[PDB]
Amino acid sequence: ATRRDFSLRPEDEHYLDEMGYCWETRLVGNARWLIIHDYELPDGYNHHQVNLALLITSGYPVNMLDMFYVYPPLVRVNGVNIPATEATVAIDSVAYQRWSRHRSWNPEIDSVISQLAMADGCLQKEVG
């Protein structure tokens, strides 16, 4: 999937390429979605890969990236739900699990990169 409906920061794009991800940028209505396909998860969830998604807000990167999304929905392998992961958001007719994880945003340093860094740190936290 090489869909690229909009550009990100050049540094964002250099990073995703260096990381080797299979990433696409999709316009859904007026929603700008970055979607990383086949995102490898840490052991401990019902699934081992997911689609990791970020809503690129209007005014980014001065506006903040607020949360991260994952499809298929994720649960601990033991079955216990992950706190603050109940809401779902339609992405091109796909119900993504919305992880309610919030931080402070600094436009001088915060980008897709650091928001992807938070997302991973949260995924590591909820299995350990």
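The first residue of the sequence shown is number 1, and the count goes up from there.
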Comparing 78-86 with 51-59, the one whose average Cα B-factor in the PDB entry is higher: 78-86
Stretch exceeding the other in mean C-alpha B-factor - 21-29, 112-120: 21-29
Is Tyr71 in the lowest, middle or highest third of its chain when residues are ranked by C-alpha B-factor? middle
For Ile35, the third of its chain into which the C-alpha B factor falls: middle
